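Asker: Structure file structure33.txt (compact mmCIF, C-alpha atoms) right here:
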# COMPACT_ATOMS: atom_id res chain seq x y z
CA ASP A 1 19.27 -89.02 -57.46
CA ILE A 2 22.83 -88.20 -56.21
CA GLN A 3 24.61 -91.52 -55.79
CA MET A 4 27.07 -92.05 -52.84
CA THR A 5 29.70 -94.77 -53.29
CA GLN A 6 31.30 -95.72 -49.99
CA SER A 7 34.29 -98.07 -49.64
CA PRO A 8 35.29 -100.49 -48.29
CA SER A 9 32.05 -102.31 -47.43
CA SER A 10 33.75 -103.96 -44.45
CA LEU A 11 37.17 -104.13 -42.88
CA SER A 12 38.75 -105.70 -39.80
CA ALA A 13 41.68 -104.22 -38.05
CA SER A 14 43.53 -104.53 -34.73
CA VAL A 15 43.13 -102.37 -31.68
CA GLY A 16 45.21 -99.25 -32.40
CA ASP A 17 45.10 -99.73 -36.17
CA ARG A 18 44.41 -96.91 -38.39
CA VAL A 19 41.02 -97.13 -40.27
CA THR A 20 40.18 -94.94 -43.40
CA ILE A 21 36.89 -94.93 -45.23
CA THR A 22 36.08 -93.12 -48.41
CA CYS A 23 32.90 -91.77 -50.01
CA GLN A 24 32.47 -90.52 -53.55
CA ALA A 25 29.42 -88.35 -54.56
CA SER A 26 28.07 -88.60 -58.18
CA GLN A 27 27.70 -84.76 -58.21
CA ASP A 28 29.61 -81.84 -56.66
CA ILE A 29 28.24 -81.39 -53.08
CA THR A 30 30.93 -79.01 -51.82
CA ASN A 31 31.33 -79.91 -48.13
CA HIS A 32 27.69 -80.89 -47.46
CA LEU A 33 28.54 -84.34 -46.14
CA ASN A 34 27.96 -85.89 -42.70
CA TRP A 35 29.49 -89.00 -41.17
CA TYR A 36 27.51 -91.18 -38.72
CA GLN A 37 28.38 -94.12 -36.54
CA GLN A 38 25.74 -96.84 -35.99
CA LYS A 39 26.36 -99.43 -33.32
CA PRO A 40 24.46 -102.79 -33.68
CA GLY A 41 20.73 -102.32 -32.96
CA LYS A 42 21.20 -98.55 -32.31
CA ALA A 43 20.40 -95.44 -34.28
CA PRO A 44 23.06 -93.65 -36.35
CA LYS A 45 24.86 -90.94 -34.31
CA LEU A 46 26.41 -87.91 -36.04
CA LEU A 47 30.22 -87.75 -35.63
CA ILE A 48 31.27 -85.26 -38.29
CA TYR A 49 29.25 -82.58 -40.12
CA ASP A 50 30.25 -80.45 -43.14
CA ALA A 51 32.89 -82.95 -44.16
CA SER A 52 35.38 -82.06 -41.41
CA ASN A 53 33.66 -80.56 -38.28
CA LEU A 54 33.64 -82.78 -35.14
CA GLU A 55 30.41 -82.87 -33.14
CA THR A 56 30.62 -81.94 -29.44
CA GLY A 57 31.79 -84.86 -27.29
CA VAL A 58 33.27 -86.74 -30.22
CA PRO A 59 36.87 -88.16 -29.59
CA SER A 60 39.93 -86.76 -31.54
CA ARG A 61 40.71 -90.09 -33.06
CA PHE A 62 37.74 -89.33 -35.55
CA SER A 63 38.31 -86.96 -38.51
CA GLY A 64 36.81 -86.11 -41.94
CA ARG A 65 38.17 -84.28 -44.97
CA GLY A 66 37.28 -83.48 -48.55
CA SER A 67 35.18 -81.16 -50.67
CA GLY A 68 33.42 -81.58 -54.02
CA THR A 69 32.99 -85.29 -54.73
CA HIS A 70 35.63 -87.16 -52.80
CA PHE A 71 35.63 -87.44 -49.03
CA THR A 72 37.61 -89.44 -46.47
CA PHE A 73 36.79 -90.45 -42.86
CA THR A 74 39.61 -91.77 -40.60
CA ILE A 75 39.80 -93.42 -37.19
CA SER A 76 43.45 -92.77 -36.26
CA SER A 77 43.75 -95.42 -33.54
CA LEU A 78 40.92 -97.98 -33.40
CA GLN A 79 39.49 -98.66 -29.90
CA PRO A 80 37.03 -101.45 -28.80
CA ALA A 81 34.23 -98.85 -28.53
CA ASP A 82 34.60 -98.05 -32.29
CA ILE A 83 33.18 -101.37 -33.51
CA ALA A 84 30.24 -100.05 -35.61
CA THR A 85 28.98 -99.46 -39.09
CA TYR A 86 29.94 -95.97 -40.38
CA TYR A 87 27.94 -94.04 -43.03
CA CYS A 88 28.36 -90.89 -45.04
CA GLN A 89 25.24 -88.92 -45.99
CA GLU A 90 24.96 -86.01 -48.46
CA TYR A 91 22.39 -83.35 -47.73
CA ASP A 92 22.90 -80.96 -50.61
CA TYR A 93 19.84 -82.42 -52.41
CA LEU A 94 16.93 -84.85 -52.08
CA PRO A 95 16.84 -87.46 -51.19
CA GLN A 96 19.63 -87.02 -48.60
CA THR A 97 21.38 -90.18 -49.76
CA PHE A 98 23.51 -92.34 -47.46
CA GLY A 99 26.61 -94.25 -48.64
CA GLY A 100 26.27 -98.04 -48.37
CA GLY A 101 28.10 -98.20 -45.00
CA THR A 102 31.46 -99.67 -43.79
CA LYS A 103 31.26 -102.35 -41.10
CA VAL A 104 34.37 -101.96 -38.86
CA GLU A 105 35.42 -105.01 -36.82
CA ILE A 106 38.41 -105.72 -34.59
CA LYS A 107 40.66 -108.60 -35.68
CA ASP B 1 20.87 -81.55 -28.12
CA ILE B 2 17.28 -82.06 -29.45
CA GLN B 3 16.15 -85.46 -28.20
CA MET B 4 13.96 -87.73 -30.45
CA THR B 5 11.84 -90.36 -28.67
CA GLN B 6 10.60 -93.00 -31.07
CA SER B 7 8.10 -95.74 -30.15
CA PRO B 8 7.61 -98.65 -30.17
CA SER B 9 11.16 -100.04 -30.23
CA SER B 10 9.92 -103.17 -32.02
CA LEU B 11 6.66 -104.66 -33.18
CA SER B 12 5.54 -107.74 -35.10
CA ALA B 13 2.47 -107.79 -37.20
CA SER B 14 0.85 -109.94 -39.91
CA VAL B 15 0.99 -109.42 -43.63
CA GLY B 16 -1.65 -106.76 -44.36
CA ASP B 17 -1.62 -105.39 -40.80
CA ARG B 18 -1.55 -101.79 -40.18
CA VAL B 19 1.74 -100.50 -38.56
CA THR B 20 2.02 -96.99 -36.86
CA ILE B 21 5.18 -95.54 -35.39
CA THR B 22 5.50 -92.34 -33.47
CA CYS B 23 8.31 -89.86 -32.81
CA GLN B 24 8.35 -87.05 -30.29
CA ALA B 25 10.91 -84.15 -30.54
CA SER B 26 12.11 -82.44 -27.29
CA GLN B 27 11.78 -79.03 -29.06
CA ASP B 28 9.46 -77.57 -31.71
CA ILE B 29 10.88 -78.60 -35.14
CA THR B 30 7.87 -77.60 -37.24
CA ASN B 31 7.80 -80.17 -40.07
CA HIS B 32 11.58 -80.68 -40.37
CA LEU B 33 11.43 -84.43 -39.89
CA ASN B 34 12.44 -87.28 -42.23
CA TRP B 35 11.56 -90.96 -42.08
CA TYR B 36 14.01 -93.63 -43.31
CA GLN B 37 13.78 -97.35 -43.84
CA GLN B 38 16.89 -99.49 -43.17
CA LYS B 39 16.87 -103.08 -44.31
CA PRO B 40 19.32 -105.48 -42.50
CA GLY B 41 22.94 -104.74 -43.52
CA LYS B 42 21.82 -101.86 -45.83
CA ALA B 43 21.96 -98.10 -45.57
CA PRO B 44 18.93 -96.07 -44.46
CA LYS B 45 16.77 -95.00 -47.45
CA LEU B 46 14.62 -91.85 -47.26
CA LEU B 47 10.87 -92.58 -47.52
CA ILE B 48 9.27 -89.38 -46.27
CA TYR B 49 10.68 -85.83 -46.00
CA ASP B 50 9.18 -82.77 -44.28
CA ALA B 51 7.00 -84.93 -42.10
CA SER B 52 4.51 -85.89 -44.82
CA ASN B 53 6.07 -85.74 -48.37
CA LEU B 54 6.63 -89.12 -50.11
CA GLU B 55 9.91 -89.54 -51.98
CA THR B 56 9.70 -90.50 -55.67
CA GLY B 57 9.18 -94.24 -56.17
CA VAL B 58 7.93 -94.78 -52.63
CA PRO B 59 4.67 -96.95 -52.37
CA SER B 60 1.33 -95.38 -51.16
CA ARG B 61 1.09 -97.69 -48.23
CA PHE B 62 3.76 -95.35 -46.52
CA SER B 63 2.64 -92.02 -44.98
CA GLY B 64 3.81 -89.41 -42.41
CA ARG B 65 2.01 -86.67 -40.52
CA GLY B 66 2.58 -84.14 -37.77
CA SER B 67 4.13 -80.77 -37.06
CA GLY B 68 5.79 -79.26 -33.99
CA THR B 69 6.84 -82.07 -31.65
CA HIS B 70 4.67 -85.06 -32.37
CA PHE B 71 4.89 -87.05 -35.58
CA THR B 72 3.42 -90.34 -36.82
CA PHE B 73 4.57 -92.74 -39.58
CA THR B 74 2.14 -95.45 -40.83
CA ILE B 75 2.41 -98.50 -43.07
CA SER B 76 -1.26 -99.03 -44.03
CA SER B 77 -0.95 -102.65 -45.19
CA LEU B 78 2.30 -104.41 -44.25
CA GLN B 79 3.98 -106.38 -47.09
CA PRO B 80 6.95 -108.86 -46.87
CA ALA B 81 9.24 -106.23 -48.45
CA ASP B 82 8.57 -103.86 -45.48
CA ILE B 83 10.51 -105.91 -42.92
CA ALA B 84 13.07 -103.26 -41.82
CA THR B 85 14.04 -100.90 -39.07
CA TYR B 86 12.41 -97.45 -39.50
CA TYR B 87 13.90 -94.18 -38.16
CA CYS B 88 12.83 -90.59 -37.82
CA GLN B 89 15.51 -87.88 -38.04
CA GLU B 90 15.15 -84.16 -37.23
CA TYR B 91 17.23 -81.73 -39.23
CA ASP B 92 16.16 -78.41 -37.77
CA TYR B 93 19.35 -78.29 -35.63
CA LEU B 94 22.66 -80.02 -34.92
CA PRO B 95 23.26 -82.68 -34.50
CA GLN B 96 20.56 -84.01 -36.87
CA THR B 97 19.35 -86.52 -34.30
CA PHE B 98 17.76 -89.85 -35.22
CA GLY B 99 15.00 -91.51 -33.16
CA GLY B 100 16.03 -94.86 -31.65
CA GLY B 101 14.41 -96.90 -34.47
CA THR B 102 11.43 -99.34 -34.70
CA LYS B 103 12.23 -102.88 -35.84
CA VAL B 104 9.20 -104.14 -37.87
CA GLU B 105 8.81 -107.93 -38.20
CA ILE B 106 6.10 -110.11 -39.71
CA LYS B 107 4.36 -112.51 -37.31
If you took the structure in this file and wrote it as structure tokens, what would it be?
Answerer:
Amino acid sequence: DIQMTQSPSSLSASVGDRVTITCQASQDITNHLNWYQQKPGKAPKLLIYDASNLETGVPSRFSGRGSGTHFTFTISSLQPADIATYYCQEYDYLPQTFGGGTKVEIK
Amino acid sequence: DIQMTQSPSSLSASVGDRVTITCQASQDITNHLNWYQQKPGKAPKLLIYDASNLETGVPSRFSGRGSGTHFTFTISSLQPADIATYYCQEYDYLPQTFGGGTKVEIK
């Protein structure tokens, strides 16, 4: 029922470029938003929980911010290992809706 | 930290075949398990929550069962629209770990 609008759909950047992805929730979800990284053919892995909290073992180049309806995920310096599709997911209410994903490629 | 072991990794069946997928949690998670369907290039969509509860609008050919550490997802009669990768995800504890996925194809 909550709708999650994630943009851009895809982007290419160079090694060391800054990447920023946004998600917009159709309802106020406070900070109940996760960010996942899904490498090709692999399962999504949780990078950031509660909008801004880094999971253990996750590199500092990854960050999240926002609260309410607007949220922003940033890769400060893109590395080869970061080529993936990234997703937000709200978990305030059923179903726990994912954003449509952002495919990150290196130019 | 919880580990989710999903099998098989991939399967092909015929239209109308029965498909069954299993997930095993490394810790007791009672019924705090979701199942998602991810079509190629799309976000995961929630089909089943709390191990066995169908989301609104989801077809009856989809079901889930289990509690504790073993869970089973079944497509009773495979249709063309069901070609997707399916995932379990535990949400009892951080990080909310996904199983490795099962790619379902039609032979």
Asker: Grab the atom CA of residue B:94 to atom CA of residue B:1 distance for me, in Å with one decimal place.
Answerer: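 Answer for the atom CA of residue B:94 to atom CA of residue B:1 separation: 7.2 Å.
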Asker: Could you list, as a PyMOL selection string, every residue within 12 Å of residue A:62, counting all atoms listed in the file and ignoring same-chain residues fewer than 4 positions away?
Answerer: chain A and resi 18-21+35-37+46-49+51-58+72-79+82+86
Asker: What does chain A look like after a least-squares fit onto chain B on every Cα paired in order, written as a compact mmCIF listing (two decimals) with C-alpha atoms, in the coordinates of the input?
Answerer:
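Final file, superposed.txt:
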# COMPACT_ATOMS: atom_id res chain seq x y z
CA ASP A 1 20.87 -81.55 -28.12
CA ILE A 2 17.28 -82.07 -29.45
CA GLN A 3 16.15 -85.46 -28.20
CA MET A 4 13.96 -87.73 -30.45
CA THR A 5 11.85 -90.36 -28.66
CA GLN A 6 10.60 -93.00 -31.07
CA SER A 7 8.10 -95.74 -30.15
CA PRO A 8 7.61 -98.65 -30.17
CA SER A 9 11.16 -100.04 -30.23
CA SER A 10 9.92 -103.16 -32.02
CA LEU A 11 6.66 -104.66 -33.18
CA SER A 12 5.53 -107.74 -35.10
CA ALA A 13 2.46 -107.80 -37.20
CA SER A 14 0.85 -109.94 -39.91
CA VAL A 15 0.99 -109.42 -43.63
CA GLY A 16 -1.65 -106.75 -44.35
CA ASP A 17 -1.62 -105.40 -40.80
CA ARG A 18 -1.55 -101.79 -40.18
CA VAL A 19 1.74 -100.50 -38.57
CA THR A 20 2.03 -96.99 -36.86
CA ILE A 21 5.17 -95.54 -35.39
CA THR A 22 5.50 -92.35 -33.46
CA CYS A 23 8.31 -89.86 -32.82
CA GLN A 24 8.35 -87.05 -30.29
CA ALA A 25 10.91 -84.15 -30.54
CA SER A 26 12.12 -82.44 -27.29
CA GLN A 27 11.79 -79.03 -29.06
CA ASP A 28 9.45 -77.57 -31.71
CA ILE A 29 10.88 -78.60 -35.14
CA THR A 30 7.87 -77.60 -37.24
CA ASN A 31 7.80 -80.17 -40.07
CA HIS A 32 11.58 -80.68 -40.37
CA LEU A 33 11.43 -84.44 -39.89
CA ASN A 34 12.43 -87.27 -42.24
CA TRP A 35 11.56 -90.96 -42.07
CA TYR A 36 14.01 -93.63 -43.31
CA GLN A 37 13.78 -97.35 -43.83
CA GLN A 38 16.89 -99.49 -43.17
CA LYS A 39 16.87 -103.08 -44.30
CA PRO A 40 19.32 -105.49 -42.50
CA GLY A 41 22.94 -104.74 -43.53
CA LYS A 42 21.82 -101.86 -45.83
CA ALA A 43 21.96 -98.11 -45.58
CA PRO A 44 18.93 -96.07 -44.46
CA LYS A 45 16.77 -95.00 -47.44
CA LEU A 46 14.62 -91.84 -47.25
CA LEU A 47 10.87 -92.58 -47.52
CA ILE A 48 9.27 -89.38 -46.28
CA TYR A 49 10.69 -85.84 -46.00
CA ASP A 50 9.18 -82.77 -44.28
CA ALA A 51 6.99 -84.94 -42.09
CA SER A 52 4.51 -85.89 -44.83
CA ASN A 53 6.07 -85.74 -48.37
CA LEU A 54 6.63 -89.12 -50.11
CA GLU A 55 9.91 -89.55 -51.98
CA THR A 56 9.70 -90.50 -55.68
CA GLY A 57 9.18 -94.24 -56.17
CA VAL A 58 7.93 -94.78 -52.64
CA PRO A 59 4.68 -96.95 -52.37
CA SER A 60 1.33 -95.38 -51.16
CA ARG A 61 1.10 -97.70 -48.23
CA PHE A 62 3.76 -95.35 -46.52
CA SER A 63 2.64 -92.02 -44.98
CA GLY A 64 3.81 -89.41 -42.41
CA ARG A 65 2.01 -86.66 -40.52
CA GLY A 66 2.58 -84.14 -37.77
CA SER A 67 4.13 -80.77 -37.07
CA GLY A 68 5.78 -79.26 -33.99
CA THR A 69 6.84 -82.06 -31.66
CA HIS A 70 4.67 -85.06 -32.37
CA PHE A 71 4.89 -87.05 -35.58
CA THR A 72 3.42 -90.34 -36.82
CA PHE A 73 4.57 -92.74 -39.58
CA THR A 74 2.14 -95.45 -40.83
CA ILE A 75 2.40 -98.50 -43.07
CA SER A 76 -1.26 -99.03 -44.03
CA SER A 77 -0.95 -102.64 -45.19
CA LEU A 78 2.30 -104.42 -44.25
CA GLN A 79 3.98 -106.38 -47.09
CA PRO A 80 6.95 -108.86 -46.88
CA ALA A 81 9.24 -106.23 -48.45
CA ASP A 82 8.57 -103.85 -45.48
CA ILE A 83 10.51 -105.91 -42.92
CA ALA A 84 13.06 -103.26 -41.81
CA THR A 85 14.04 -100.90 -39.07
CA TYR A 86 12.41 -97.45 -39.51
CA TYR A 87 13.91 -94.18 -38.15
CA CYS A 88 12.84 -90.59 -37.82
CA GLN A 89 15.50 -87.88 -38.04
CA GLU A 90 15.14 -84.16 -37.22
CA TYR A 91 17.22 -81.73 -39.22
CA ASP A 92 16.16 -78.41 -37.77
CA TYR A 93 19.35 -78.29 -35.63
CA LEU A 94 22.66 -80.02 -34.92
CA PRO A 95 23.26 -82.68 -34.50
CA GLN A 96 20.56 -84.01 -36.87
CA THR A 97 19.35 -86.52 -34.29
CA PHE A 98 17.75 -89.85 -35.23
CA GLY A 99 15.00 -91.51 -33.16
CA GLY A 100 16.03 -94.86 -31.65
CA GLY A 101 14.41 -96.90 -34.47
CA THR A 102 11.43 -99.34 -34.70
CA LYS A 103 12.23 -102.88 -35.84
CA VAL A 104 9.20 -104.14 -37.87
CA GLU A 105 8.81 -107.92 -38.20
CA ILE A 106 6.10 -110.12 -39.71
CA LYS A 107 4.36 -112.51 -37.30
Asker: I need the chain A residues near chain B as a PDB file with C-alpha atoms, in the coordinates of the input; criterion: at most 7 Å, counting all atoms listed in the file.
Answerer:
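Output file part-v6.pdb follows:
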ATOM      1  CA  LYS A  42      21.200 -98.550 -32.310  1.00  0.00           C
ATOM      2  CA  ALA A  43      20.400 -95.440 -34.280  1.00  0.00           C
ATOM      3  CA  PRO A  44      23.060 -93.650 -36.350  1.00  0.00           C
ATOM      4  CA  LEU A  46      26.410 -87.910 -36.040  1.00  0.00           C
ATOM      5  CA  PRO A  95      16.840 -87.460 -51.190  1.00  0.00           C
ATOM      6  CA  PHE A  98      23.510 -92.340 -47.460  1.00  0.00           C
ATOM      7  CA  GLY A  99      26.610 -94.250 -48.640  1.00  0.00           C
ATOM      8  CA  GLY A 100      26.270 -98.040 -48.370  1.00  0.00           C
ATOM      9  CA  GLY A 101      28.100 -98.200 -45.000  1.00  0.00           C
TER      10      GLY A 101
END
Asker: Taking all atoms listed in the file into account, name the residue in B:40, B:104, B:50, B:59 that is nearest to residue B:7.
Answerer: B:104
Asker: Could you work out how far atom CA of residue A:39 lies from atom CA of residue B:91, giving the answer in Å with one decimal?
Answerer: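 Computed distance, atom CA of residue B:91 to atom CA of residue A:39, equals 20.8 Å.
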Asker: Measure the distance from atom CA of residue B:5 to atom CA of residue B:70 in Å and round it to one decimal.
Answerer: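 Those two atoms sit 9.7 Å apart.
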Asker: Could you list, as a PyMOL selection string, every residue within 10 Å of residue A:93, counting all atoms listed in the file and ignoring same-chain residues fewer than 6 positions away?
Answerer: chain A and resi 1-2+29+32
Asker: Considering only C-alpha atoms, return as a PyMOL selection string whatever protein or nucleic-acid residues lie within 10 Å of residue B:80, sequence-local ones (same chain, fewer than 6 positions apart) excluded.
Answerer: chain B and resi 14-16+105-106
Asker: Output C-alpha atoms of each residue in that selection to a file, as a PDB file, in the frame of the given file.
Answerer:
ATOM      1  CA  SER B  14       0.850-109.940 -39.910  1.00  0.00           C
ATOM      2  CA  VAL B  15       0.990-109.420 -43.630  1.00  0.00           C
ATOM      3  CA  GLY B  16      -1.650-106.760 -44.360  1.00  0.00           C
ATOM      4  CA  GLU B 105       8.810-107.930 -38.200  1.00  0.00           C
ATOM      5  CA  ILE B 106       6.100-110.110 -39.710  1.00  0.00           C
TER       6      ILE B 106
END
Asker: Take stretch 15-28 of chain B, bring it up to N, CA and C atoms, and give me the output as a PDB file, in the frame of the given file.
Answerer:
ATOM      1  N   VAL B  15       1.065-109.912 -42.293  1.00  0.00           N
ATOM      2  CA  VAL B  15       0.990-109.420 -43.630  1.00  0.00           C
ATOM      3  C   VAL B  15      -0.393-108.750 -43.673  1.00  0.00           C
ATOM      4  N   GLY B  16      -0.427-107.532 -44.228  1.00  0.00           N
ATOM      5  CA  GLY B  16      -1.650-106.760 -44.360  1.00  0.00           C
ATOM      6  C   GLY B  16      -2.061-105.982 -43.129  1.00  0.00           C
ATOM      7  N   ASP B  17      -1.299-106.145 -42.005  1.00  0.00           N
ATOM      8  CA  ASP B  17      -1.620-105.390 -40.800  1.00  0.00           C
ATOM      9  C   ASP B  17      -1.233-103.966 -40.963  1.00  0.00           C
ATOM     10  N   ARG B  18      -2.002-103.153 -40.293  1.00  0.00           N
ATOM     11  CA  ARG B  18      -1.550-101.790 -40.180  1.00  0.00           C
ATOM     12  C   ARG B  18      -0.420-101.567 -39.107  1.00  0.00           C
ATOM     13  N   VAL B  19       0.675-100.872 -39.492  1.00  0.00           N
ATOM     14  CA  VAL B  19       1.740-100.500 -38.560  1.00  0.00           C
ATOM     15  C   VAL B  19       1.768 -98.915 -38.334  1.00  0.00           C
ATOM     16  N   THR B  20       1.827 -98.447 -37.077  1.00  0.00           N
ATOM     17  CA  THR B  20       2.020 -96.990 -36.860  1.00  0.00           C
ATOM     18  C   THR B  20       3.104 -96.806 -35.780  1.00  0.00           C
ATOM     19  N   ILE B  21       3.980 -95.877 -36.151  1.00  0.00           N
ATOM     20  CA  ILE B  21       5.180 -95.540 -35.390  1.00  0.00           C
ATOM     21  C   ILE B  21       5.091 -94.069 -35.059  1.00  0.00           C
ATOM     22  N   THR B  22       5.565 -93.726 -33.860  1.00  0.00           N
ATOM     23  CA  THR B  22       5.500 -92.340 -33.470  1.00  0.00           C
ATOM     24  C   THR B  22       6.920 -91.811 -33.100  1.00  0.00           C
ATOM     25  N   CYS B  23       7.128 -90.524 -33.329  1.00  0.00           N
ATOM     26  CA  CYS B  23       8.310 -89.860 -32.810  1.00  0.00           C
ATOM     27  C   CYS B  23       7.864 -88.586 -32.135  1.00  0.00           C
ATOM     28  N   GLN B  24       8.565 -88.270 -31.054  1.00  0.00           N
ATOM     29  CA  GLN B  24       8.350 -87.050 -30.290  1.00  0.00           C
ATOM     30  C   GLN B  24       9.718 -86.297 -30.199  1.00  0.00           C
ATOM     31  N   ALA B  25       9.731 -85.024 -30.624  1.00  0.00           N
ATOM     32  CA  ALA B  25      10.910 -84.150 -30.540  1.00  0.00           C
ATOM     33  C   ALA B  25      10.898 -83.371 -29.218  1.00  0.00           C
ATOM     34  N   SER B  26      12.053 -83.239 -28.547  1.00  0.00           N
ATOM     35  CA  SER B  26      12.110 -82.440 -27.290  1.00  0.00           C
ATOM     36  C   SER B  26      11.976 -80.902 -27.428  1.00  0.00           C
ATOM     37  N   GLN B  27      11.921 -80.435 -28.673  1.00  0.00           N
ATOM     38  CA  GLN B  27      11.780 -79.030 -29.060  1.00  0.00           C
ATOM     39  C   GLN B  27      10.911 -78.961 -30.306  1.00  0.00           C
ATOM     40  N   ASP B  28      10.283 -77.804 -30.511  1.00  0.00           N
ATOM     41  CA  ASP B  28       9.460 -77.570 -31.710  1.00  0.00           C
ATOM     42  C   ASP B  28      10.326 -77.595 -32.966  1.00  0.00           C
TER      43      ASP B  28
END
